[PDB]
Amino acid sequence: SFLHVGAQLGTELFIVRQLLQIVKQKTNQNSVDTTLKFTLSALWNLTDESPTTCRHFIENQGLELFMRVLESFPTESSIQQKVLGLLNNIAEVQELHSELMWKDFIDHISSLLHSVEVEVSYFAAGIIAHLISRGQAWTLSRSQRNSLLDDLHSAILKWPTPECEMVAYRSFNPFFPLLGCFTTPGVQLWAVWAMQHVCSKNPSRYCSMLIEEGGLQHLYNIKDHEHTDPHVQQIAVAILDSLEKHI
């Protein structure tokens, strides 16, 4: 049983509010705790493919609090990873691209792109790619826009093969618009690198999902559009020549 019909969304948003409360309080104590990491993971999971909870997170000034946690734990790679994963989920929601147009946020993301932990800079790069995705809606410095595109492209190619699988996905759909951005080599470079990574680590899961959602097409279109970045093209053909073996 439960209280009444439709009562679960209210409790979901209430849970988001209370998790933000625990984040704020653990930040005030400077307590990198097991419960703090669990709370950041919970927030990250709840924002997965749910723009309503992303909007509730933003409307409860969650991103300001996440800037604060980034600044109060500058060396904690796990904290940064979970924070940036949630912020990536937000960067995927087009209706809220407006409220990530804030230079303190963009500055912290650009700084975290140069982390020597690929588990951190990967999500920094994802945020960056999904923000440059929108052509300009830029609302800020075009200096910083061009700078961060170039930095995206360089940083991706400086990445090693990760040890674990740094992330999970239930759908490759948010990657498909980033694959058509032939104008922005870094964005599709991040997309192709991430898909390659997840199928290389977990083919059992993501090969079937990548083919079923029609992504082999986006890859094949990149394959011989002659206005393609050699690096993006090489990653695309590698993904194809691995996904072709698996039916």
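One-based numbering along the sequence shown. Between two forms, the rigid core is defined as the largest C-alpha subset superposing within 1.5 Å.
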On a core superposition, give the stretch, 119-127 or 136-144, with the larger average C-alpha separation from this form in 7 other deposited structures of this protein (RMS over structures and residues). 136-144
Quick check on the record: how many residues from the deposited sequence are absent from the model between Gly135 and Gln136 (none, 1 to 3, 4 to 9, 10 or more)? 1 to 3
Higher of the two mean Cα B-factors (136-144, 107-115; per PDB record) comes from 136-144
Mean Cα B factor from the PDB record: higher for 39-47, or higher for 26-34? 26-34
What's the residue among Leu216, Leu63, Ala194, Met209 with the greatest CA temperature factor in the PDB record? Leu216
Determine, from the deposited record, the chain-internal third of the Cα B-factor for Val83: lowest, middle or highest. lowest
Chain-relative C-alpha B factor for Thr52 (record values, thirds): the middle
Assert third(CA B-factor, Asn221) within chain per record equals highest
Please rank the C-alpha B-factors of the chain's modelled residues and tell me whether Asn202 sits in the lowest, middle or highest third. lowest
Assigned third (lowest, middle, highest) for the C-alpha B factor of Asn173: middle
